[PDB]
């Protein structure tokens, strides 16, 4: 009500080779190029590709020859953190209202409300800062009907789209922060955006023995925009969050979860298109039926495809994670098919731990 959001406008990646990245997400991930902005249309400093899959939208920008503060920012970001997210854009009914609200409540401004206008309409943009070097651009595109944003031109798919759509929406966007900074960012979203803490959290219990991490997730009123916040935790095993902060060079987006209507078909398509996922211990499946019960996907194909599952009091979910999409063990993706569960797979930390422990006896 006081800080209304319509959903994620786009996940903007600052990358070293936008042309090849756009090819990767088109083929490996099955997305489709719909808009572009570069030298061929008068935008000489950066090349920007807009890929889409249902309502999921990724923007891949790369600086050609730095000349403005933004250009120099991207160049430095890519060199320092490697390919990663710089903007978790949020669509709002009113950018000026949202910006003022966020600033009145403590947020730091990255961009004052401004307007872009072309033959397709007007778009009001505003931006505030969140963890590390990441920002949230507040986008009011109610008066625009073009390809993406004024300055962008329609573009054709780099390749034929896959027979079955790989994904159709963004479920959640996860951020990794330093130890001791989780609750601070959680409070930030509660205050600055009027978000609400969801029931599911990864507490000290699971944190120190199975996950090596603590998490809490904030979401808007409609439960569309969901932002889980991870932080390292001491366990017997090295923390994947610490490894992230170490190789990324600070706080940043760890992974983006994408909704699919058929995770089985999504994985078959993605695997054949060249994407590798995590290797789930086969013994995980031996005891899956005992704690998760029956699923719409028989255990044999979950086992064949390395797909995971989790069950809570509201239902269940099917999930799978890709390996990092760069060489730095930093950002990766998650494909998720929900069936009642509103969780994030917290039960798999223990399940996989105990599953590994018994592969080690065989």
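Numbering follows the first chain given and starts at 1.
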Fill in the blank from the handout: With B-factors read from the PDB entry, the higher C-alpha mean of 3-11 and 351-359 is in 351-359
Fill in the blank from the handout: For 39-47 versus 322-330, entry-based mean Cα B-factors point to 39-47
Completion exercise
Looking only at 134, 142, 166, 211, the Cα with the top B-factor belongs to 211
Problem - Identity of residue with top Cα B-factor, from 177, 207, 264, 153 - result: 207
Exercise for the section: Comparing against every modelled residue in the chain, figure out the third that the C-alpha B-factor of residue 68 lands in (lowest, middle or highest). Expected result: middle
Handout entry: residue 335 - which third its CA temperature factor falls in, relative to the rest of the chain
Key = lowest
Fill in the blank from the handout: In terms of its chain's C-alpha B-factors, the third that includes residue 271 is the lowest
Handout entry: B-factor third for the C-alpha atom of residue 255 within its chain
Key = lowest
Exercise for the section: Divide the modelled residues of the chain into thirds by Cα B-factor and specify which third, lowest, middle or highest, holds residue 306. Expected result: middle
